[PDB]
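Enquirer: Below is a structure I'd like to ask you about.
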Amino acid sequence: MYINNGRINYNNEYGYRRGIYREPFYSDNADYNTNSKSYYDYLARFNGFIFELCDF
Amino acid sequence: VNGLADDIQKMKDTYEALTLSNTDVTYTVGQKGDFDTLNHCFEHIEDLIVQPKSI
Amino acid sequence: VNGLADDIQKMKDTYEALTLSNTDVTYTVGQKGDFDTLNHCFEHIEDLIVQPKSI
Amino acid sequence: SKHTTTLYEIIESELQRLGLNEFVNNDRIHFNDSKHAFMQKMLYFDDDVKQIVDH
């Protein structure tokens, strides 16, 4: 364990994929719920703009 | 970011005045301390360009 | 990145303290002053590398 | 949030209205501050979050 010599460098020794192929370090047989923004969030952004307009 | 760090180091080297600091200090005097004798410790203190906040 | 920012701020403070030793400075303490409270104002004065002509 | 918003989104929106910023803070950037992040604030139930909920 030695310092990075005062210069930061990013490297991934143990990555998920190596080029086209897939490394054996991590697993893929898992499914996660993905939650995106609904219409109410579109309304919220529009209301934010309307609030700024009212302030102006 | 490494370029920025190298710029900082180069400008610290070129302008020596910016290296000055007045953070606190603790000089230990003894056979194996920072200074051999008490005269050396207070001779070095008078040589500091900027006196720290507490010694 | 925070380390680089700290180095930048410390060097700026050192050079500003050095270049304004001859000047005469005025710190306003209050709600809209340079410093929020008196104790914060005198923490800056204590941290100056070289004290100016008069504060 | 696939159909309607979550409580976290509403609380975060109101906190952003209050003017708080989680990343830059006081000139030092932290990705996960653990003190000013919106998470680790509604979990400790800060005064701001309680005001938002009561409002």
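If you're wondering about the labels, chains in the structure tokens are A, B, ... by order shown, residues count from 1 in each chain, ligands from 1 in order shown.
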Per residue of chain C within 7 Å of chain B, which atom pair is closest and at what distance in Å (one decimal), using only C-alpha atoms, listed by chain and increasing number, as CSV?
Expert:
```
residue,atom,partner,partner_atom,distance
C:4,CA,B:5,CA,6.7
C:11,CA,B:18,CA,5.6
C:14,CA,B:18,CA,6.0
C:15,CA,B:18,CA,6.5
C:49,CA,B:22,CA,6.5
```
Enquirer: Per DSSP on the backbone, what are the alpha helix (DSSP H) residues of chain A, as a ChimeraX atom specification?
Expert: /A:39-55
Enquirer: Could you write out that same residue set with N, CA and C atoms as a CSV table (one decimal), in the first residue's frame?
Expert:
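Produced file again_31.csv, reproduced below:
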```csv
chain,number,residue,atom,x,y,z
A,39,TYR,N,-46.1,11.9,-14.9
A,39,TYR,CA,-46.7,13.2,-15.4
A,39,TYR,C,-46.6,14.3,-14.3
A,40,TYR,N,-46.8,13.9,-13.1
A,40,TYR,CA,-46.8,14.8,-12.0
A,40,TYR,C,-45.5,15.5,-11.9
A,41,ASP,N,-44.4,14.9,-12.3
A,41,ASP,CA,-43.1,15.6,-12.3
A,41,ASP,C,-43.0,16.6,-13.4
A,42,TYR,N,-43.6,16.3,-14.6
A,42,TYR,CA,-43.7,17.3,-15.6
A,42,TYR,C,-44.5,18.5,-15.2
A,43,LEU,N,-45.6,18.3,-14.5
A,43,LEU,CA,-46.4,19.4,-13.9
A,43,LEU,C,-45.5,20.1,-12.9
A,44,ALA,N,-44.7,19.4,-12.1
A,44,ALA,CA,-43.9,20.1,-11.1
A,44,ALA,C,-42.9,21.0,-11.7
A,45,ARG,N,-42.3,20.6,-12.8
A,45,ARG,CA,-41.3,21.5,-13.5
A,45,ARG,C,-42.0,22.7,-14.1
A,46,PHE,N,-43.2,22.4,-14.7
A,46,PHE,CA,-43.9,23.6,-15.3
A,46,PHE,C,-44.3,24.5,-14.2
A,47,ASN,N,-44.7,24.0,-13.0
A,47,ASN,CA,-45.1,24.9,-11.9
A,47,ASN,C,-43.9,25.7,-11.4
A,48,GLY,N,-42.7,25.1,-11.4
A,48,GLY,CA,-41.5,25.8,-11.1
A,48,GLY,C,-41.3,27.0,-12.0
A,49,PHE,N,-41.4,26.7,-13.3
A,49,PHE,CA,-41.3,27.9,-14.2
A,49,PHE,C,-42.3,28.9,-14.0
A,50,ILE,N,-43.6,28.5,-13.7
A,50,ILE,CA,-44.6,29.5,-13.5
A,50,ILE,C,-44.4,30.3,-12.2
A,51,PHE,N,-43.8,29.6,-11.2
A,51,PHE,CA,-43.5,30.3,-10.0
A,51,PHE,C,-42.4,31.4,-10.2
A,52,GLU,N,-41.4,31.0,-11.0
A,52,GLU,CA,-40.3,32.0,-11.4
A,52,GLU,C,-40.9,33.2,-12.1
A,53,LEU,N,-41.9,32.9,-13.1
A,53,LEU,CA,-42.5,34.0,-13.8
A,53,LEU,C,-43.3,34.9,-12.9
A,54,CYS,N,-44.0,34.3,-12.0
A,54,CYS,CA,-44.8,35.1,-11.0
A,54,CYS,C,-43.9,36.0,-10.2
A,55,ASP,N,-42.7,35.4,-9.7
A,55,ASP,CA,-41.8,36.2,-9.0
A,55,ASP,C,-41.3,37.4,-9.8
```
Enquirer: Which RMSD value, in Å, follows from superposing chain B onto chain C on all C-alpha atoms in order by least squares?
Expert: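 After least-squares fitting, the two copies differ by 7.7 Å C-alpha RMSD.
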Enquirer: Residues of chain A within 6 Å of chain D, using only C-alpha atoms, as a count of residues only?
Expert: 4
Enquirer: Have a look at C:3, C:54, C:27, C:37 and name the one nearest to chain A; count only C-alpha atoms.
Expert: C:3
Enquirer: Find the nearest atom pair between each residue of chain A and chain C for residues within 12 Å, count only C-alpha atoms, give distances in Å to one decimal, sort rows by chain and ascending number, and present the table as a Markdown table.
Expert:
```
| residue | atom | partner | partner_atom | distance |
| --- | --- | --- | --- | --- |
| A:6 | CA | C:3 | CA | 10.6 |
| A:7 | CA | C:1 | CA | 11.0 |
| A:8 | CA | C:1 | CA | 9.9 |
```
Enquirer: Please produce an output containing N, CA and C atoms for each residue in the selection, written as a PDB file, in the first residue's frame.
Expert:
```pdb
ATOM      1  N   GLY A   6       0.538  11.812  -5.175  1.00  0.00           N
ATOM      2  CA  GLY A   6      -0.036  13.135  -5.305  1.00  0.00           C
ATOM      3  C   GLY A   6      -0.776  13.392  -6.596  1.00  0.00           C
ATOM      4  N   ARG A   7      -0.876  12.399  -7.472  1.00  0.00           N
ATOM      5  CA  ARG A   7      -1.629  12.502  -8.713  1.00  0.00           C
ATOM      6  C   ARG A   7      -2.688  11.413  -8.723  1.00  0.00           C
ATOM      7  N   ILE A   8      -3.935  11.797  -8.955  1.00  0.00           N
ATOM      8  CA  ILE A   8      -5.040  10.849  -8.941  1.00  0.00           C
ATOM      9  C   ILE A   8      -5.201  10.259 -10.334  1.00  0.00           C
TER      10      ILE A   8
END
```
Enquirer: Select, as a PyMOL selection string, those residues of chain D with any atom no more than 8 Å from chain C (distances computed using only C-alpha atoms).
Expert: chain D and resi 27-29
Enquirer: Save out the residues we just selected, N, CA and C atoms, as an mmCIF file, in the first residue's frame.
Expert:
```
data_model
loop_
_atom_site.group_PDB
_atom_site.id
_atom_site.type_symbol
_atom_site.label_atom_id
_atom_site.label_comp_id
_atom_site.auth_asym_id
_atom_site.auth_seq_id
_atom_site.Cartn_x
_atom_site.Cartn_y
_atom_site.Cartn_z
ATOM 1 N N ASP D 27 -17.856 26.103 -0.421
ATOM 2 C CA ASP D 27 -16.683 26.115 -1.291
ATOM 3 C C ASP D 27 -15.867 24.831 -1.230
ATOM 4 N N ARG D 28 -16.423 23.746 -0.701
ATOM 5 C CA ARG D 28 -15.790 22.436 -0.757
ATOM 6 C C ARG D 28 -16.828 21.420 -1.198
ATOM 7 N N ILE D 29 -16.557 20.740 -2.306
ATOM 8 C CA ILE D 29 -17.548 19.893 -2.957
ATOM 9 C C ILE D 29 -17.446 18.480 -2.399
#
```
Enquirer: To one decimal place, how far is CA of residue 14 (chain D) from CA of residue 52 (chain D) in Å?
Expert: 6.8 Å
Enquirer: Kindly give the distance, in Å, that separates CA of residue 51 (chain D) and CA of residue 22 (chain D), rounded to a single decimal.
Expert: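 Pair CA of residue 51 (chain D) / CA of residue 22 (chain D) returns 18.4 Å.
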